[PDB]
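Note sheet for the following structure.
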Amino acid sequence: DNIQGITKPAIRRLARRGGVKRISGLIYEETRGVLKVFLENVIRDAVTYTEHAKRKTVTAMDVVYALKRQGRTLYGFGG
Amino acid sequence: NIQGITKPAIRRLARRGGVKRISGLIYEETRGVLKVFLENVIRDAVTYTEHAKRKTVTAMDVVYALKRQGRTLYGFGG
Amino acid sequence: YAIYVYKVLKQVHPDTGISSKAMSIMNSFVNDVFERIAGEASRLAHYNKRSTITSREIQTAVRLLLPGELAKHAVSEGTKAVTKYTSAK
Amino acid sequence: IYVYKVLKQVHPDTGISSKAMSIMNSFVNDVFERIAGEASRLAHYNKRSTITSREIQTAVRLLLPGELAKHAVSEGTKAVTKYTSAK
Amino acid sequence: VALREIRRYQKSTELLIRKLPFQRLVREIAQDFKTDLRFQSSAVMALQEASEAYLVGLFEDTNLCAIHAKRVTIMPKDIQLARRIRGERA
Amino acid sequence: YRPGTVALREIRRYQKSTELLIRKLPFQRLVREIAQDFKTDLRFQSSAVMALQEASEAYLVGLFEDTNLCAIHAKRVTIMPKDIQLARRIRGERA
Amino acid sequence: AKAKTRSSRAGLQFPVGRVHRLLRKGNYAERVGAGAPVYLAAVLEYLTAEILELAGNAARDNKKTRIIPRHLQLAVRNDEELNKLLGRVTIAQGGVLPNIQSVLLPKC
Amino acid sequence: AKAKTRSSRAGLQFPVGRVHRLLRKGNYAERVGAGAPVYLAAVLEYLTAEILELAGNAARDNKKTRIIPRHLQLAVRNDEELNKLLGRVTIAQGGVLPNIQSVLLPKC
DNA sequence: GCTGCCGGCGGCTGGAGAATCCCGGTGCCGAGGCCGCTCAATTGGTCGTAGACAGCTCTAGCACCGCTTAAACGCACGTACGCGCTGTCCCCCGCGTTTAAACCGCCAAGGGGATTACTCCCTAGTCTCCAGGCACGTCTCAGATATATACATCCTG
DNA sequence: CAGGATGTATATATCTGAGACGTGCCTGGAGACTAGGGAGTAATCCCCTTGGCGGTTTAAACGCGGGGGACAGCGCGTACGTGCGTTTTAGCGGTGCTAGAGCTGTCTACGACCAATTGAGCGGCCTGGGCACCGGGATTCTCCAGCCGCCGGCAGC
């Protein structure tokens, strides 16, 4: 019971950054769902990279590597 | 040669897409998109052919160009 | 890869053939998949600062690209094949 | 050092931060890979065995969109001729 | 009859644009990059069918957007919106 | 203030800033909880945590302007779930 | 002594030697192991067998004795996971899956 | 004697030798020519100079001496030709371009 | 009250253009035997990546409480949604017809591709010394606060 | 339809201090200085397949004209998301604290590399016959518009 830790004003602030004028109440869970699908998609590759490296710590290199593998490469983390 | 894309051609293409009704302004927008996609492939196609010093656009070069764009083609070699 | 695929049909569908266009299409398919797997395996072999591609790199590659059921069937047949390879020299 | 000299050669009175330079380093590394792999694939495409200026030129024309590409080709040409003029 | 045609073309596979006009358009657009160019035949049909697949995908996306817009007709604004979302025009 | 005026003020206020929107500890807890399902007894680096954080922010921001385009096309000012799944479907992740 | 192919010892119908040659002059790595070509041949064999069975099912469904790239399109697009694996790949002479939106249908 | 670096003779501020070593050890091709690393260093210098100059002008326009990733994003996203190159790339602490659809503003 | 009366109402009937099947003849062309060559399996040896053991050690999760700031709950309300009536004018849908693609055949030749003698360019081998990474070490001018004024709203008359 | 009071923003004065910018040290890798031998380079010739030409003929696009229904506009019910006040509840953090996982150096060993022989897998090239193609005609398959018995108001009393 932790996914609900993404509070409503946080989603409201994020959407206002997106630039919405009015916000419904049914999107707060669908945004969470897309969030978890994003994260498990990233961390499955992140964990399997470490497993191939046969270590027990996940560094920024593995996560940025997997993010670039999906075609969402991110700068600023020693790529 | 742009007008060679006749109105029944886009009509049957849209029917294959799954549309029910068609207005009167999709026609030239579609032709422009068609032309843009064509040039986007002819550019790297002629680039590939010029790189190899040849004068004939082989199917291999165009399937390579489609793969570079991100849309692979099956049937013409590989 | 024509003859191997024809033996594949004859070991799956003894009474079904294949057209030439399908032959070329699936030949391009196998070439594309081979290139993808080999590229990922070479990338990993350089990525972990090694110089020899082994079965472990290929295993990680297949576990990495093919999603879901194909992953474990592929790894299972890979292990069984390499085991029968090494057991019978 | 090289990015710092590049900054000094254009903006001698403008500094940079720490993370904003790691961004530049990652960008340069990414573009290096994106061009080197492309040039290698062109070299292997014609069953070749050497990588020369022609394959990299074609990769540059392929990657850089338009005006940046034509700017790059001229500077690369003059840069390679000053090398060939005096080894 | 429109739904009849919808049933009709959705089962077939052959191309839906005349070969010679498409070849003429390809040569007309390719003469600008280089003059005195020769085109291999199979490349022409490859490009044609790739363009057909791209265009039919665009049509299906636009139709989906239009039916989302509680309308039965498709208009250019729907196509521009679909292109914007797919990340091609901008 | 008239309704929506505070919304405009917040829109202009927050699009200029660049800092994160989700508290670090809940996101770290979520990442750790998700990581248990693949392999327990792991160890995480904070760098990876903020990398995941900013990637999530970027994707959600992406999805929100796509939802905004869907909403404006829908002759509406509000945002509805049909728009969010429409944006997800057109891009093709959920295809 | 009498020679025999590597595939016969490996119980495979894919060319171990050809895959090894492709890896060797493939520029991928300086050196390669011995089980890597066998693993690659095995996974290629499994994928080809599954795809050819999926095509054959449809071919016998349409009362035909040979596979047509149209049947390949049906087999690929009718399996959601295989569609995910082959989403961006376009098939020559493949057409499109039949589909009609509900509202477009009449009232009854 | 009298050792001279290749960068000086090439009129560049880039380690051409380092790029040559990277090409040699990167498993891109069996053999590597001579002018390819020089061309690569030259194009890299051009693109990084343009990027850094745009970032510096953005920082000066924001009345600030140093350079931060926010100015980097403002400079990158404001050039469409640059935007297409960096369309699929996100930058740490970059923010977004401030924009509002014309509809949601009041009547006057 | 109760007669007609009237328009719909759906329920049914049957004629209407459309889609499907199999017979029957006719081809076009995947599947199979043959030759030999070309590359792949076998021996035999080397020497160098890669695995182990053995250390060092930097570092990430625990806990702990003081503060506080944002999150949750409630609450008028007015604005934005959703639905219904409506007035068209703008696509659909046959018809004559006017037209252009497709087959069909015969050529010339500029371009693609396989061979060949060779040459000269990057790799292979060492020595050397100088550019670049690391450990500091600062003094900055880079930030950060807290202050003071203009401004664009929503009310009033 | 023009002014006033307002919560907002804007500017600006010290603090104020972690870390870009030198400043050295030290080290390992890139340039300087030797062939070689094999990858590419013209030069050649030999196919070949492609742009081009010119009769039929034949299915397809097009402008016209009639028609009917999808859509944008306007009005009204209405209900829920928003601006705002009051808790209160969790995050920041700052302090140590602990052993675990990460890193690197050494010694050894065995497996991929490569060279020389020898044999068969298969790519090619005909070749006979086998499964799709097409035609017509009979067989169904839906789609539509009118006839009709029934029903619920509708002027009268």
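Starting from 1 in every chain, residues are counted up; chains themselves are A, B, ... following the order of the structure tokens, and ligands are numbered from 1 as listed.
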Considering only C-alpha atoms, give me a table of residues in chain F that are at most 6 Å from chain A, with the closest atom pair and distance in Å for each, as a tab-separated table.
residue	atom	partner	partner_atom	distance
F:11	CA	A:16	CA	5.2
F:14	CA	A:17	CA	5.8
F:15	CA	A:17	CA	5.1
F:42	CA	A:56	CA	5.5
F:43	CA	A:57	CA	4.4
F:44	CA	A:58	CA	5.0
F:45	CA	A:59	CA	5.2
F:47	CA	A:60	CA	5.3
F:48	CA	A:60	CA	4.2
F:61	CA	A:18	CA	5.7
F:64	CA	A:18	CA	5.4
F:65	CA	A:18	CA	5.5
F:78	CA	A:22	CA	4.4
F:79	CA	A:23	CA	5.7
F:81	CA	A:27	CA	5.8
Working over all C-alpha atoms in order, superimpose chain G onto chain H by least squares and state the RMSD in Å.
->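 My reading of the C-alpha RMSD is 0.5 Å.
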Using only C-alpha atoms (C1' of nucleotides), which residues sit within 6 Å of stretch 34-46 of chain C once same-chain residues fewer than 3 positions away are excluded, as a ChimeraX atom specification?
-> /C:30-31,49-50,57-58,61 /G:28-29
Return as JSON lines the residues of chain E lying at most 12 Å from chain G, together with the closest atom-to-atom pair for each and the distance in Å to one decimal, counting only C-alpha atoms, with rows in chain order and ascending residue number.
{"residue": "E:2", "atom": "CA", "partner": "G:104", "partner_atom": "CA", "distance": 10.4}
{"residue": "E:3", "atom": "CA", "partner": "G:105", "partner_atom": "CA", "distance": 8.3}
{"residue": "E:4", "atom": "CA", "partner": "G:105", "partner_atom": "CA", "distance": 11.4}
{"residue": "E:5", "atom": "CA", "partner": "G:100", "partner_atom": "CA", "distance": 11.8}
{"residue": "E:6", "atom": "CA", "partner": "G:100", "partner_atom": "CA", "distance": 8.1}
{"residue": "E:7", "atom": "CA", "partner": "G:98", "partner_atom": "CA", "distance": 7.9}
{"residue": "E:8", "atom": "CA", "partner": "G:98", "partner_atom": "CA", "distance": 10.0}
{"residue": "E:9", "atom": "CA", "partner": "G:95", "partner_atom": "CA", "distance": 9.1}
{"residue": "E:10", "atom": "CA", "partner": "G:98", "partner_atom": "CA", "distance": 5.6}
{"residue": "E:11", "atom": "CA", "partner": "G:98", "partner_atom": "CA", "distance": 6.7}
{"residue": "E:12", "atom": "CA", "partner": "G:95", "partner_atom": "CA", "distance": 6.4}
{"residue": "E:13", "atom": "CA", "partner": "G:95", "partner_atom": "CA", "distance": 4.5}
{"residue": "E:14", "atom": "CA", "partner": "G:93", "partner_atom": "CA", "distance": 6.5}
{"residue": "E:15", "atom": "CA", "partner": "G:93", "partner_atom": "CA", "distance": 8.3}
{"residue": "E:16", "atom": "CA", "partner": "G:95", "partner_atom": "CA", "distance": 11.1}
{"residue": "E:42", "atom": "CA", "partner": "G:92", "partner_atom": "CA", "distance": 11.9}
{"residue": "E:45", "atom": "CA", "partner": "G:92", "partner_atom": "CA", "distance": 9.7}
{"residue": "E:46", "atom": "CA", "partner": "G:92", "partner_atom": "CA", "distance": 8.0}
{"residue": "E:47", "atom": "CA", "partner": "G:92", "partner_atom": "CA", "distance": 10.7}
{"residue": "E:48", "atom": "CA", "partner": "G:92", "partner_atom": "CA", "distance": 10.5}
{"residue": "E:49", "atom": "CA", "partner": "G:92", "partner_atom": "CA", "distance": 7.2}
{"residue": "E:50", "atom": "CA", "partner": "G:90", "partner_atom": "CA", "distance": 7.4}
{"residue": "E:51", "atom": "CA", "partner": "G:90", "partner_atom": "CA", "distance": 10.6}
{"residue": "E:52", "atom": "CA", "partner": "G:95", "partner_atom": "CA", "distance": 9.7}
{"residue": "E:53", "atom": "CA", "partner": "G:90", "partner_atom": "CA", "distance": 7.4}
{"residue": "E:54", "atom": "CA", "partner": "G:90", "partner_atom": "CA", "distance": 9.2}
{"residue": "E:56", "atom": "CA", "partner": "G:96", "partner_atom": "CA", "distance": 9.1}
{"residue": "E:57", "atom": "CA", "partner": "G:96", "partner_atom": "CA", "distance": 9.6}
{"residue": "E:60", "atom": "CA", "partner": "G:99", "partner_atom": "CA", "distance": 10.3}
{"residue": "E:63", "atom": "CA", "partner": "G:101", "partner_atom": "CA", "distance": 9.4}
{"residue": "E:64", "atom": "CA", "partner": "G:101", "partner_atom": "CA", "distance": 8.5}
{"residue": "E:65", "atom": "CA", "partner": "G:101", "partner_atom": "CA", "distance": 11.9}
{"residue": "E:66", "atom": "CA", "partner": "G:101", "partner_atom": "CA", "distance": 11.4}
{"residue": "E:67", "atom": "CA", "partner": "G:103", "partner_atom": "CA", "distance": 8.0}
{"residue": "E:68", "atom": "CA", "partner": "G:103", "partner_atom": "CA", "distance": 10.5}
{"residue": "E:70", "atom": "CA", "partner": "G:103", "partner_atom": "CA", "distance": 9.5}
{"residue": "E:71", "atom": "CA", "partner": "G:103", "partner_atom": "CA", "distance": 9.8}
{"residue": "E:72", "atom": "CA", "partner": "G:104", "partner_atom": "CA", "distance": 7.6}
{"residue": "E:73", "atom": "CA", "partner": "G:104", "partner_atom": "CA", "distance": 10.7}
Writing out the chosen residues with N, CA and C atoms as a tab-separated table (two decimals), in the first residue's frame:
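Output file result.tsv is given in full below:
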chain	number	residue	atom	x	y	z
E	2	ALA	N	-20.62	1.86	-48.81
E	2	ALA	CA	-19.35	2.23	-48.19
E	2	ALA	C	-18.87	1.15	-47.23
E	3	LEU	N	-19.78	0.62	-46.40
E	3	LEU	CA	-19.41	-0.50	-45.55
E	3	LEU	C	-19.11	-1.75	-46.37
E	4	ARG	N	-19.77	-1.91	-47.51
E	4	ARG	CA	-19.44	-3.03	-48.40
E	4	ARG	C	-18.00	-2.94	-48.88
E	5	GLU	N	-17.57	-1.75	-49.31
E	5	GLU	CA	-16.16	-1.56	-49.68
E	5	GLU	C	-15.23	-1.75	-48.49
E	6	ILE	N	-15.65	-1.31	-47.30
E	6	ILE	CA	-14.85	-1.52	-46.10
E	6	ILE	C	-14.59	-3.01	-45.90
E	7	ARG	N	-15.63	-3.82	-46.07
E	7	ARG	CA	-15.44	-5.27	-46.07
E	7	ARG	C	-14.56	-5.71	-47.23
E	8	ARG	N	-14.63	-5.00	-48.35
E	8	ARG	CA	-14.05	-5.49	-49.60
E	8	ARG	C	-12.53	-5.39	-49.57
E	9	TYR	N	-11.98	-4.19	-49.36
E	9	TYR	CA	-10.53	-4.03	-49.42
E	9	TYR	C	-9.82	-4.59	-48.18
E	10	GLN	N	-10.54	-4.80	-47.08
E	10	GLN	CA	-9.84	-5.23	-45.86
E	10	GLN	C	-9.34	-6.67	-45.93
E	11	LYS	N	-9.73	-7.45	-46.94
E	11	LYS	CA	-9.24	-8.81	-47.09
E	11	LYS	C	-8.11	-8.95	-48.10
E	12	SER	N	-8.01	-8.04	-49.07
E	12	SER	CA	-7.04	-8.18	-50.14
E	12	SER	C	-5.68	-7.60	-49.73
E	13	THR	N	-4.67	-7.88	-50.55
E	13	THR	CA	-3.30	-7.46	-50.27
E	13	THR	C	-2.66	-6.61	-51.35
E	14	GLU	N	-3.19	-6.57	-52.57
E	14	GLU	CA	-2.49	-5.91	-53.66
E	14	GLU	C	-2.49	-4.39	-53.46
E	15	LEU	N	-1.57	-3.74	-54.15
E	15	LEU	CA	-1.43	-2.29	-54.04
E	15	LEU	C	-2.63	-1.59	-54.66
E	16	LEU	N	-2.88	-0.37	-54.19
E	16	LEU	CA	-4.08	0.39	-54.56
E	16	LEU	C	-3.75	1.71	-55.25
E	42	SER	N	12.19	-3.56	-58.73
E	42	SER	CA	11.72	-4.06	-57.44
E	42	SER	C	11.75	-2.98	-56.37
E	45	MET	N	8.34	-1.04	-56.41
E	45	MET	CA	7.23	-1.65	-55.69
E	45	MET	C	7.49	-1.72	-54.19
E	46	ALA	N	8.76	-1.88	-53.78
E	46	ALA	CA	9.08	-1.84	-52.36
E	46	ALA	C	8.70	-0.49	-51.76
E	47	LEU	N	9.14	0.60	-52.39
E	47	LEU	CA	8.81	1.93	-51.91
E	47	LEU	C	7.31	2.16	-51.94
E	48	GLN	N	6.64	1.70	-53.01
E	48	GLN	CA	5.20	1.88	-53.13
E	48	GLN	C	4.47	1.22	-51.97
E	49	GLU	N	4.80	-0.04	-51.68
E	49	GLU	CA	4.07	-0.75	-50.63
E	49	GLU	C	4.43	-0.25	-49.24
E	50	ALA	N	5.68	0.20	-49.04
E	50	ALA	CA	6.02	0.83	-47.77
E	50	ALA	C	5.21	2.10	-47.56
E	51	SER	N	5.08	2.91	-48.61
E	51	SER	CA	4.26	4.11	-48.52
E	51	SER	C	2.80	3.78	-48.29
E	52	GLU	N	2.30	2.71	-48.92
E	52	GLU	CA	0.92	2.28	-48.69
E	52	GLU	C	0.71	1.91	-47.23
E	53	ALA	N	1.65	1.16	-46.64
E	53	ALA	CA	1.52	0.78	-45.24
E	53	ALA	C	1.54	2.00	-44.33
E	54	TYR	N	2.49	2.91	-44.56
E	54	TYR	CA	2.54	4.15	-43.79
E	54	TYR	C	1.22	4.92	-43.89
E	56	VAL	N	-1.85	3.92	-44.80
E	56	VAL	CA	-3.01	3.25	-44.23
E	56	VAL	C	-2.95	3.30	-42.71
E	57	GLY	N	-1.75	3.22	-42.14
E	57	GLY	CA	-1.62	3.44	-40.70
E	57	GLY	C	-2.03	4.84	-40.29
E	60	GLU	N	-5.83	4.97	-40.38
E	60	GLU	CA	-6.47	4.30	-39.26
E	60	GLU	C	-6.33	5.11	-37.98
E	63	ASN	N	-8.80	8.02	-38.28
E	63	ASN	CA	-10.16	7.55	-38.07
E	63	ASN	C	-10.42	7.29	-36.59
E	64	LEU	N	-9.45	6.70	-35.90
E	64	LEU	CA	-9.59	6.47	-34.46
E	64	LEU	C	-9.73	7.79	-33.71
E	65	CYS	N	-8.93	8.79	-34.08
E	65	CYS	CA	-9.05	10.10	-33.45
E	65	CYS	C	-10.42	10.72	-33.73
E	66	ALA	N	-10.90	10.61	-34.97
E	66	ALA	CA	-12.18	11.20	-35.33
E	66	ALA	C	-13.33	10.55	-34.58
E	67	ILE	N	-13.33	9.22	-34.47
E	67	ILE	CA	-14.39	8.55	-33.71
E	67	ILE	C	-14.26	8.88	-32.23
E	68	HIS	N	-13.03	9.14	-31.76
E	68	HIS	CA	-12.88	9.68	-30.41
E	68	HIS	C	-13.53	11.06	-30.30
E	70	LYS	N	-16.29	12.04	-31.34
E	70	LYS	CA	-17.74	11.87	-31.48
E	70	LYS	C	-18.25	12.40	-32.82
E	71	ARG	N	-17.50	12.13	-33.88
E	71	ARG	CA	-17.86	12.49	-35.23
E	71	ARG	C	-17.60	11.31	-36.15
E	72	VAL	N	-18.28	11.30	-37.30
E	72	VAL	CA	-18.12	10.24	-38.29
E	72	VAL	C	-17.27	10.67	-39.48
E	73	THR	N	-17.04	11.96	-39.66
E	73	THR	CA	-16.21	12.47	-40.74
E	73	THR	C	-14.83	12.84	-40.21
Pull the alpha helix (DSSP H) assignments for chain C out of DSSP run on the backbone, and list those residues as a ChimeraX atom specification.
-> /C:2-12,20-47,55-65,69-87
For chain F, list the residues within 12 Å of chain I, counting only C-alpha atoms (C1' of nucleotides), and write the list as a ChimeraX atom specification.
-> /F:1-6,9,23,41-46,75-80
Would you export the selected residues with N, CA and C atoms as a short mmCIF file (atom, residue, chain, number, x, y, z; two decimals), in the first residue's frame, please?
data_model
loop_
_atom_site.label_atom_id
_atom_site.label_comp_id
_atom_site.auth_asym_id
_atom_site.auth_seq_id
_atom_site.Cartn_x
_atom_site.Cartn_y
_atom_site.Cartn_z
N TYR F 1 -10.81 35.28 -5.94
CA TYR F 1 -10.46 35.34 -7.35
C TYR F 1 -11.42 34.49 -8.19
N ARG F 2 -11.60 34.90 -9.44
CA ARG F 2 -12.46 34.15 -10.34
C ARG F 2 -11.88 32.76 -10.56
N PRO F 3 -12.73 31.73 -10.70
CA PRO F 3 -12.20 30.37 -10.86
C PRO F 3 -11.32 30.26 -12.10
N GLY F 4 -10.22 29.52 -11.95
CA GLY F 4 -9.24 29.38 -13.00
C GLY F 4 -8.14 30.41 -13.00
N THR F 5 -8.31 31.53 -12.29
CA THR F 5 -7.26 32.53 -12.20
C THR F 5 -6.06 32.00 -11.43
N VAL F 6 -6.32 31.33 -10.30
CA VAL F 6 -5.24 30.70 -9.55
C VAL F 6 -4.58 29.60 -10.38
N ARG F 9 -2.19 31.39 -12.62
CA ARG F 9 -1.04 31.84 -11.84
C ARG F 9 -0.08 30.69 -11.57
N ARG F 23 8.33 13.85 -3.64
CA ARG F 23 9.25 13.74 -2.51
C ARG F 23 10.12 12.50 -2.67
N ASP F 41 16.91 -8.72 -1.69
CA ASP F 41 18.25 -8.55 -1.14
C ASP F 41 19.16 -7.85 -2.15
N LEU F 42 18.74 -6.65 -2.55
CA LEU F 42 19.47 -5.84 -3.50
C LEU F 42 20.04 -4.61 -2.79
N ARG F 43 20.71 -3.75 -3.56
CA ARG F 43 21.25 -2.50 -3.04
C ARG F 43 21.15 -1.46 -4.14
N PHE F 44 20.70 -0.26 -3.79
CA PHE F 44 20.41 0.78 -4.76
C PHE F 44 21.33 1.97 -4.54
N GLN F 45 21.64 2.67 -5.63
CA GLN F 45 22.39 3.91 -5.58
C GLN F 45 21.45 5.08 -5.81
N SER F 46 21.65 6.13 -5.01
CA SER F 46 20.76 7.27 -5.06
C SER F 46 20.71 7.83 -6.46
N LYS F 75 -13.03 19.74 -27.75
CA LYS F 75 -13.86 20.92 -27.48
C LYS F 75 -14.14 21.06 -25.99
N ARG F 76 -13.13 20.77 -25.18
CA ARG F 76 -13.24 20.80 -23.73
C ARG F 76 -12.07 21.59 -23.14
N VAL F 77 -12.17 21.89 -21.85
CA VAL F 77 -11.10 22.55 -21.12
C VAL F 77 -10.59 21.60 -20.05
N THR F 78 -11.44 20.69 -19.61
CA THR F 78 -11.07 19.69 -18.62
C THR F 78 -10.32 18.55 -19.31
N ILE F 79 -9.84 17.59 -18.53
CA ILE F 79 -9.16 16.42 -19.05
C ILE F 79 -9.86 15.17 -18.51
N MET F 80 -10.08 14.21 -19.39
CA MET F 80 -10.87 13.02 -19.11
C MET F 80 -10.06 11.79 -19.47
#
Show which residues sit within 8 Å of stretch 47-59 of chain H, as a count of residues only. Count only C-alpha atoms (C1' of nucleotides), and ignore same-chain residues fewer than 4 positions away.
-> 20
